[PDB]
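K.L.:
The file below is run39.txt, compact mmCIF, C-alpha atoms (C1' of nucleotides):
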```
# COMPACT_ATOMS: atom_id res chain seq x y z
CA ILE A 2 15.72 -38.98 -27.08
CA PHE A 3 12.41 -37.09 -27.26
CA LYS A 4 9.77 -39.80 -27.63
CA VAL A 5 6.15 -39.81 -26.50
CA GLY A 6 5.88 -40.09 -22.73
CA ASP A 7 8.74 -38.00 -21.36
CA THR A 8 8.67 -35.31 -18.67
CA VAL A 9 10.94 -32.51 -19.82
CA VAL A 10 11.56 -29.15 -18.15
CA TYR A 11 11.20 -25.86 -20.01
CA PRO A 12 13.44 -22.87 -19.01
CA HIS A 13 10.90 -20.89 -17.00
CA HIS A 14 7.51 -22.45 -17.68
CA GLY A 15 8.04 -25.56 -15.56
CA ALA A 16 8.05 -29.28 -16.19
CA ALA A 17 5.83 -30.48 -19.02
CA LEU A 18 4.78 -33.67 -20.77
CA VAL A 19 4.91 -34.61 -24.44
CA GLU A 20 2.13 -36.26 -26.41
CA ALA A 21 2.83 -36.00 -30.16
CA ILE A 22 5.43 -35.19 -32.81
CA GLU A 23 3.98 -32.83 -35.41
CA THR A 24 5.28 -32.71 -38.98
CA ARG A 25 3.82 -29.25 -39.58
CA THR A 26 4.83 -27.72 -42.90
CA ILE A 27 7.35 -24.87 -42.96
CA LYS A 28 8.87 -23.80 -46.32
CA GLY A 29 7.32 -26.86 -47.95
CA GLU A 30 9.16 -29.17 -45.53
CA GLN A 31 7.98 -31.09 -42.47
CA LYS A 32 10.14 -29.98 -39.57
CA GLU A 33 9.65 -32.31 -36.62
CA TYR A 34 7.68 -30.14 -34.21
CA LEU A 35 7.24 -31.66 -30.77
CA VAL A 36 4.33 -30.50 -28.63
CA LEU A 37 4.21 -29.75 -24.92
CA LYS A 38 1.50 -29.66 -22.26
CA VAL A 39 2.53 -27.51 -19.29
CA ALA A 40 -0.26 -27.30 -16.75
CA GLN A 41 0.34 -23.94 -15.04
CA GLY A 42 -1.68 -22.13 -17.71
CA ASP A 43 -2.54 -25.08 -20.02
CA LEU A 44 -0.49 -23.55 -22.84
CA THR A 45 0.82 -25.78 -25.61
CA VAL A 46 4.36 -25.03 -26.76
CA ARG A 47 5.56 -26.52 -30.04
CA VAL A 48 9.28 -26.40 -30.83
CA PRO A 49 11.52 -27.70 -33.65
CA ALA A 50 13.35 -30.96 -33.03
CA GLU A 51 16.85 -29.43 -32.85
CA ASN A 52 16.42 -25.85 -31.57
CA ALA A 53 15.04 -27.15 -28.25
CA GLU A 54 18.57 -27.54 -26.91
CA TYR A 55 19.37 -24.07 -28.23
CA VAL A 56 16.47 -22.46 -26.36
CA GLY A 57 17.25 -24.53 -23.28
CA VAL A 58 14.81 -27.42 -23.08
CA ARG A 59 16.48 -29.30 -20.24
CA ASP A 60 15.83 -32.91 -19.27
CA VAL A 61 14.71 -34.13 -15.86
CA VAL A 62 17.13 -34.47 -12.94
CA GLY A 63 17.44 -37.71 -10.95
CA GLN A 64 21.00 -37.98 -9.59
CA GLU A 65 23.44 -36.31 -7.11
CA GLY A 66 22.42 -32.90 -8.47
CA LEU A 67 19.52 -33.31 -6.03
CA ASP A 68 22.06 -33.37 -3.19
CA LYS A 69 23.90 -30.50 -4.89
CA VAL A 70 20.81 -28.29 -4.94
CA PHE A 71 20.00 -29.42 -1.38
CA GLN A 72 23.37 -28.14 -0.15
CA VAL A 73 22.90 -25.05 -2.33
CA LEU A 74 19.55 -24.44 -0.60
CA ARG A 75 21.22 -25.04 2.79
CA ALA A 76 24.35 -23.01 1.92
CA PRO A 77 25.67 -20.33 4.31
CA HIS A 78 26.24 -17.72 1.60
CA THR A 79 23.76 -14.82 1.47
CA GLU A 80 24.97 -11.62 -0.20
CA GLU A 81 23.20 -9.06 -2.40
CA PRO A 82 24.19 -5.67 -3.83
CA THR A 83 23.32 -2.48 -1.99
CA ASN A 84 20.53 -1.23 -4.25
CA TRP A 85 17.27 -3.10 -4.63
CA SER A 86 17.12 -2.49 -8.39
CA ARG A 87 20.42 -4.25 -9.14
CA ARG A 88 19.56 -6.98 -6.62
CA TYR A 89 16.22 -7.59 -8.37
CA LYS A 90 17.91 -7.55 -11.80
CA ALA A 91 20.51 -10.13 -10.73
CA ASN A 92 17.90 -12.39 -9.13
CA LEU A 93 15.69 -12.08 -12.22
CA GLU A 94 18.62 -13.02 -14.47
CA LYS A 95 19.38 -16.06 -12.30
CA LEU A 96 15.68 -16.96 -12.43
CA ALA A 97 15.50 -16.60 -16.22
CA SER A 98 18.67 -18.68 -16.63
CA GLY A 99 16.59 -21.83 -16.13
CA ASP A 100 19.07 -23.72 -13.95
CA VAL A 101 17.94 -25.67 -10.89
CA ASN A 102 20.87 -24.65 -8.68
CA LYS A 103 20.45 -20.98 -9.63
CA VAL A 104 16.71 -21.12 -8.89
CA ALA A 105 17.57 -22.76 -5.55
CA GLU A 106 19.93 -19.86 -4.84
CA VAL A 107 17.14 -17.41 -5.72
CA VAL A 108 14.60 -19.08 -3.43
CA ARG A 109 17.04 -19.40 -0.52
CA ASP A 110 18.03 -15.73 -0.73
CA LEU A 111 14.43 -14.54 -1.09
CA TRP A 112 13.16 -16.82 1.68
CA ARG A 113 15.97 -15.77 4.04
CA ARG A 114 15.33 -12.08 3.38
CA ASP A 115 11.56 -12.55 3.72
CA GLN A 116 11.83 -14.40 7.03
CA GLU A 117 14.25 -11.71 8.21
CA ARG A 118 12.63 -8.50 6.92
CA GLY A 119 9.78 -8.86 4.41
CA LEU A 120 10.47 -6.93 1.21
CA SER A 121 7.73 -6.37 -1.35
CA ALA A 122 4.75 -7.71 -3.25
CA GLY A 123 6.69 -7.94 -6.52
CA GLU A 124 9.44 -10.05 -5.01
CA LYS A 125 6.74 -11.99 -3.15
CA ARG A 126 5.25 -12.88 -6.54
CA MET A 127 8.76 -13.69 -7.78
CA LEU A 128 9.40 -16.00 -4.81
CA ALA A 129 6.02 -17.67 -5.34
CA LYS A 130 6.80 -18.28 -9.02
CA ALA A 131 10.31 -19.61 -8.38
CA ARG A 132 9.10 -21.81 -5.52
CA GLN A 133 6.36 -23.11 -7.83
CA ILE A 134 8.81 -24.06 -10.58
CA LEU A 135 11.28 -25.64 -8.11
CA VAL A 136 8.58 -27.63 -6.27
CA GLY A 137 7.02 -28.82 -9.53
CA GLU A 138 10.42 -29.74 -10.98
CA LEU A 139 11.48 -31.89 -8.04
CA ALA A 140 7.98 -33.35 -7.53
CA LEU A 141 7.84 -34.52 -11.14
CA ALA A 142 11.53 -35.48 -11.01
CA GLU A 143 11.66 -37.86 -8.06
CA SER A 144 7.91 -38.68 -8.39
CA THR A 145 7.75 -37.74 -4.74
CA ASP A 146 4.11 -36.72 -4.03
CA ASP A 147 3.62 -32.99 -4.80
CA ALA A 148 2.87 -30.92 -1.64
CA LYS A 149 4.78 -33.55 0.25
CA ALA A 150 7.41 -32.06 -1.99
CA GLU A 151 6.32 -28.91 -0.16
CA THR A 152 6.82 -30.71 3.17
CA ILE A 153 10.37 -31.71 2.16
CA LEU A 154 10.80 -28.10 1.01
CA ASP A 155 9.83 -27.07 4.55
CA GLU A 156 12.43 -29.54 5.84
CA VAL A 157 15.23 -28.13 3.70
CA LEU A 158 14.14 -24.57 4.50
CA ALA A 159 14.44 -25.42 8.19
CA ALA A 160 17.86 -26.92 7.27
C1' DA B 1 10.38 50.22 -64.84
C1' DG B 2 7.05 49.34 -60.79
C1' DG B 3 2.63 50.87 -58.06
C1' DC B 4 -1.86 51.30 -55.93
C1' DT B 5 -6.54 50.47 -57.45
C1' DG B 6 -10.16 47.59 -58.66
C1' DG B 7 -12.79 43.24 -58.26
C1' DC B 8 -11.95 38.42 -57.00
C1' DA B 9 -11.08 34.93 -53.99
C1' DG B 10 -10.69 32.82 -49.59
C1' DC B 11 -11.56 32.81 -44.61
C1' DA B 12 -13.02 34.00 -39.23
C1' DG B 13 -17.08 34.64 -36.55
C1' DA B 14 -22.11 34.86 -34.84
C1' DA B 15 -27.24 32.90 -34.72
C1' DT B 16 -30.65 29.50 -35.27
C1' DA B 17 9.00 0.35 -8.64
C1' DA B 18 10.95 0.04 -4.75
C1' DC B 19 14.54 1.65 -0.32
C1' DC B 20 16.22 5.14 3.53
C1' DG B 21 16.18 9.14 6.53
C1' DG B 22 13.99 12.43 9.03
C1' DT B 23 10.29 15.30 11.04
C1' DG B 24 6.23 16.79 12.53
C1' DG B 25 1.44 15.48 13.49
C1' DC B 26 -1.47 12.79 16.40
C1' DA B 27 -4.13 9.76 19.48
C1' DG B 28 -4.03 7.30 23.79
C1' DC B 29 -3.40 7.49 28.25
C1' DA B 30 -1.53 7.74 33.31
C1' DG B 31 -1.10 11.84 36.06
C1' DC B 32 -0.43 16.23 38.17
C1' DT B 33 -3.96 18.88 39.03
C1' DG B 34 -7.59 22.71 39.77
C1' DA B 35 -11.73 24.79 39.27
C1' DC B 36 -16.31 23.09 39.95
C1' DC B 37 -20.74 21.03 40.99
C1' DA B 38 -22.91 19.18 44.56
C1' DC B 39 -25.29 16.97 48.00
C1' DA B 40 -25.56 17.62 52.32
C1' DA B 41 -25.23 19.04 56.36
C1' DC B 42 -24.77 22.76 59.81
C1' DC B 43 -25.16 26.86 61.70
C1' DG B 44 -26.50 32.64 62.29
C1' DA B 45 -29.64 35.53 62.79
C1' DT B 46 -34.63 36.58 62.14
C1' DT B 47 -39.04 37.22 62.84
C1' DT B 48 -43.12 35.46 64.76
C1' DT B 49 -45.38 33.92 68.16
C1' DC B 50 -46.92 30.78 71.22
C1' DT B 51 -45.29 28.81 75.83
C1' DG B 52 -44.41 29.05 80.26
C1' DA B 53 -44.44 31.05 84.63
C1' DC B 54 -44.67 35.64 87.69
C1' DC B 55 -47.43 38.39 91.76
```
Here is a file; write its structure as structure tokens.

P.N.:
Amino acid sequence: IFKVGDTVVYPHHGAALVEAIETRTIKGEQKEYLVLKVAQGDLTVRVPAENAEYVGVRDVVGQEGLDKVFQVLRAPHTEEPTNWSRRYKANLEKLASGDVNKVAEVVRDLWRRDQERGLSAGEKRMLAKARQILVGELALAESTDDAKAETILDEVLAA
DNA sequence: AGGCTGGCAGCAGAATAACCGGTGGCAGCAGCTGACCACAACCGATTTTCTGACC
């Protein structure tokens, strides 16, 4: 399925393009490396043709999962453990999982707790990073005008 | 049978990542003052010494 011209989503680097299929030699054999161009830090990631699904290279989302993550973002549930260390560990695990609904849960919990209390600079950086990957994912998914993706993010945050 | 004497050898030293609770400090400020300048006047003799009339 991975041809030149896609827009695939890495686990926690964001949505990236493809431009070539490298046949770079490993053990005297030409494993089909595919290249990536993710623009948050202009790093190029090259992965083997079959271990991408093992490491979690996930395709773009363009169906009722958009409504699913919208109702996840506008869900009434907000619960965290008592200690900030375990709460941060659980949110970091859900962030590193690389799932859109889980990242939506992370940003709704962090945005609710920041508009209620205001926690910390480290979780502020975490919320900025997770909001960046969610906004970039949906803006390259629906092709829906990035930063007007931020306006529709404001709409679903207002709920 | 070892020992304690002898050089011999080797070495130290000097000179040239967050939460929660609590508690005391602290600064800012209306709000009693309360002692204090502080002008500002007002009198209390005081002494001089004319001023005014007295016979």

K.L.:
Distance limit 9 Å, atoms considered: all atoms listed in the file. Which chain A residues sit that close to chain B? Return them as a VMD selection string.

P.N.:
chain A and resid 84 to 86 121 123

K.L.:
Please compute the CA of residue 128 in chain A-CA of residue 64 in chain A distance, one decimal, in Å.

P.N.:
25.3 Å

K.L.:
Can you tell me how far CA of residue 96 in chain A sits from CA of residue 18 in chain A, in Å to one decimal?

P.N.:
21.6 Å

K.L.:
Take CA of residue 136 in chain A and CA of residue 45 in chain A and report the distance between them in Å, one decimal.

P.N.:
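Taking CA of residue 136 in chain A and CA of residue 45 in chain A, their separation equals 20.9 Å.
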
K.L.:
Counting only C-alpha atoms (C1' of nucleotides), which residues sit no farther than 10 Å from the position (17.6, -17.1, -7.3) in the file's frame? I'd like them as a ChimeraX atom specification.

P.N.:
/A:89,91-98,100-111,127-128,131-132

K.L.:
Using C-alpha atoms, can you export the residues from the last selection as a short mmCIF file (atom, residue, chain, number, x, y, z; two decimals), keeping the file's coordinate frame?

P.N.:
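Contents of the output file again.cif:
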```cif
data_model
loop_
_atom_site.label_atom_id
_atom_site.label_comp_id
_atom_site.auth_asym_id
_atom_site.auth_seq_id
_atom_site.Cartn_x
_atom_site.Cartn_y
_atom_site.Cartn_z
CA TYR A 89 16.22 -7.59 -8.37
CA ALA A 91 20.51 -10.13 -10.73
CA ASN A 92 17.90 -12.39 -9.13
CA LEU A 93 15.69 -12.08 -12.22
CA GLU A 94 18.62 -13.02 -14.47
CA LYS A 95 19.38 -16.06 -12.30
CA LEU A 96 15.68 -16.96 -12.43
CA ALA A 97 15.50 -16.60 -16.22
CA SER A 98 18.67 -18.68 -16.63
CA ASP A 100 19.07 -23.72 -13.95
CA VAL A 101 17.94 -25.67 -10.89
CA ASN A 102 20.87 -24.65 -8.68
CA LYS A 103 20.45 -20.98 -9.63
CA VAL A 104 16.71 -21.12 -8.89
CA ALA A 105 17.57 -22.76 -5.55
CA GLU A 106 19.93 -19.86 -4.84
CA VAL A 107 17.14 -17.41 -5.72
CA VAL A 108 14.60 -19.08 -3.43
CA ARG A 109 17.04 -19.40 -0.52
CA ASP A 110 18.03 -15.73 -0.73
CA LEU A 111 14.43 -14.54 -1.09
CA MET A 127 8.76 -13.69 -7.78
CA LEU A 128 9.40 -16.00 -4.81
CA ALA A 131 10.31 -19.61 -8.38
CA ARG A 132 9.10 -21.81 -5.52
#
```

K.L.:
Excluding residue 33 in chain A and residues on its chain fewer than 4 positions from it, collect all residues at most 8 Å away from it, counting all atoms listed in the file, and give them as a tab-separated table (two decimals) with C-alpha atoms, keeping the file's coordinate frame.

P.N.:
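Once everything was written out, this is out36.tsv:
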```tsv
chain	number	residue	atom	x	y	z
A	22	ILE	CA	5.43	-35.19	-32.81
A	23	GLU	CA	3.98	-32.83	-35.41
A	24	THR	CA	5.28	-32.71	-38.98
A	25	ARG	CA	3.82	-29.25	-39.58
A	49	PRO	CA	11.52	-27.70	-33.65
A	50	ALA	CA	13.35	-30.96	-33.03
```

K.L.:
List as a PyMOL selection string the protein and nucleic acid residues near range 51-62 of chain A, meaning an atom at most 6 Å away when only C-alpha atoms (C1' of nucleotides) are counted, but skip any in the same chain fewer than 2 places from it.

P.N.:
chain A and resi 9-12+49+142

K.L.:
Keeping only C-alpha atoms, write the selected residues as an mmCIF file, in the coordinates of the input.

P.N.:
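Result file selection.cif:
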```cif
data_model
loop_
_atom_site.group_PDB
_atom_site.id
_atom_site.type_symbol
_atom_site.label_atom_id
_atom_site.label_comp_id
_atom_site.auth_asym_id
_atom_site.auth_seq_id
_atom_site.Cartn_x
_atom_site.Cartn_y
_atom_site.Cartn_z
ATOM 1 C CA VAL A 9 10.940 -32.510 -19.820
ATOM 2 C CA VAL A 10 11.560 -29.150 -18.150
ATOM 3 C CA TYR A 11 11.200 -25.860 -20.010
ATOM 4 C CA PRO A 12 13.440 -22.870 -19.010
ATOM 5 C CA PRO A 49 11.520 -27.700 -33.650
ATOM 6 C CA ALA A 142 11.530 -35.480 -11.010
#
```
